[PDB]
Structure formats: structure tokens, C-alpha cells
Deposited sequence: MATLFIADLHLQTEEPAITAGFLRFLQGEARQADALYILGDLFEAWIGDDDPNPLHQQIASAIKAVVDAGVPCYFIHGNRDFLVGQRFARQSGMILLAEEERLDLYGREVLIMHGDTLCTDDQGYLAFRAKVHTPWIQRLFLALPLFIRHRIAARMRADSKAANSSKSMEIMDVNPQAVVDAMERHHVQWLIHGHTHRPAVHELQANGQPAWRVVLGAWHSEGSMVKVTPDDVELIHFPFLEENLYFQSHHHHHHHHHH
């Protein structure tokens, strides 16, 4: 089985999500054929030279899965688009492009984070165009770490002062550009299975859920596609009247 997760938004202020991800990496991920992380693994990223200890804890936990024989892949999200090759080497993950076509047990599946499908939020897509410009990234990464920390903290507070869903035609355009009947993405935080038509045949868009109160993953087997929700920590059972 191949596993897909996204929108974990890991941060030191949310240790329960971190503990759930570590339990997921030590358990379910070890039995998988592969693990794909489709963006927004971290709530924020200002560069691989960030000494945030959470980054090294996550990197060593993913590396343990990679050392256990499970290849791990990463597609950038809107929050952690600055994740680079330094963290990829520390974690053993392979960085993929914003759109990838996979062969999962015979069926061709398109994977992406999903923010590029939300073409109705032109305010966001302008922001995305800027921060994805290579010379803007090189200039930001050259700034000192404490400057980058203060830039990110101010932009988060300013953005805090409602995620737009995908555009239906953008979905059709992507699945026809890649000639696929299956699409998996996250970003929108609306876990669902949508039926549509692409390339003159029925197609399906599978959406991952954010790790808010419980975990979320998509499991693709040769026999089916599964959207699975599970608790973060081990919910130890313990023991009404007639």
C-alpha cells in the first residue's frame, strides 16, 4: 500500500500533532511501499539552516522510515515552499515537482499539493507568484536567520488579521494535461472523494484532510483507494448500566 498525507502544519506549539506524526512514522508508515507528503508538513519554513529542534526531530523520524526500506517523497505546500535539499538529505526524503504522475499498482494518479487548483483566489496566487520567484527566494534565504524569523512572524500575524476551494475547470485541465482519471491533493482541508469526468471518462479527485484533531491519510492499494482518519495517540481502552 502507498500512503499519502498532507496539511499536518507541524509546529512546536502543537506537540500533540507532532506526537501523532511520530507514532504514524513508527507504525503505519513502516509497512507502506512508499510515503508521499503532499505539502504543508510544517506550519512555517524560513530555510533549511533554521536550527528549530522540531525540524531535526522530524527529519530523524522520517529518516528512520527511509532506513526501514520505505521511500519517502515530498511535494511543497504553500506554507513550507522553502524546504530544500539540505532538509531532504537530513530526512532522506526525495523532493518532487509541484505536479507528479505516479503509477500506483496499474492506475495512473496525479499528485500535487492543491493550491495551484484554487484559481479563484487571485489574491493568493499573486502572493504565490512572488514567493516562488527564484531570485526572491535567493534574496530571502540570504537574509540573516533572526531577520527571517521576524519577517515570518510578522507576515503570519498580518495574515491572521477560510481557505478557498479548488476551481472545477482547473481540476479538469490538470487531469487532462496528465491524462489521468485519479487525482490526490490536499491544501483545501476538505477530505472528500469527488467524481467528475476527464478525458471523456469518469475521474476522481481525492482530497486529504488536515491534522486538526485526528490524523488523515489516503491509502492506495491494488484493490481500492481509502481515505482514513485515525487518532493521534494510542487511545487506551478502559471501562454504563442496564
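*Deposited sequence positions missing from the model - stretches, numbered from 1, in order*: In the chain as deposited, 1, 163-169, 248-249, 253-259 carry no coordinates.
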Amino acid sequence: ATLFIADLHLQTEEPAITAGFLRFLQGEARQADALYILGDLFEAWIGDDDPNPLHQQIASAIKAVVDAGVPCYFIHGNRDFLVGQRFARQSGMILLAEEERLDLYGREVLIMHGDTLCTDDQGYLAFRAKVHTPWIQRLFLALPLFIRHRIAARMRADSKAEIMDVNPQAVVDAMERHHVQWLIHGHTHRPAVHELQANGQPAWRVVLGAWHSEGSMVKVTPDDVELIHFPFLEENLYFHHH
From here on, numbers count along this sequence of modelled residues.
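_At least a third of the other entries leave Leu125 unmodelled_ = No, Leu125 is modelled in every other compared entry.
_Does the comparison with other PDB entries of this protein show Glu162 lacking coordinates in a third or more of them, where both adjacent residues are built?_
It is, since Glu162 is left out of at least a third of the other entries that model both flanking stretches.
*182-190 versus 195-203 - greater average Cα B-factor per the deposited record*: Per the PDB record, 195-203.
*Mean CA B-factor: is it higher for 209-217 or for 36-44?*
Taking the mean B-factor of the alpha carbons in each, 209-217 is higher.
*Among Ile151, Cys72, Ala88, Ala129, where is the Cα temperature factor highest, going by the PDB entry?*
Within the set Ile151, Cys72, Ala88, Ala129, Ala129 shows the top C-alpha B-factor.
_Given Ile94, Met112, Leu82, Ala157, identify the residue with the highest C-alpha B factor in the PDB entry._
The C-alpha B-factor peaks, among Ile94, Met112, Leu82, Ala157, at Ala157.
_Cα B factor band for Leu22 (lowest, middle or highest third within the chain)_ = Its C-alpha B-factor belongs to the middle third of this chain's values.
*What third of its chain's C-alpha B-factors does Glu234 belong to: lowest, middle or highest?*
Highest third.
*asked:* When the deposited Cα B-factors of this chain's modelled residues are ordered and cut into thirds, is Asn52 in the lowest, the middle or the highest one?
replied: Lowest third.
*Chain-relative CA temperature factor third for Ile147*: It falls in the bottom third of the chain.
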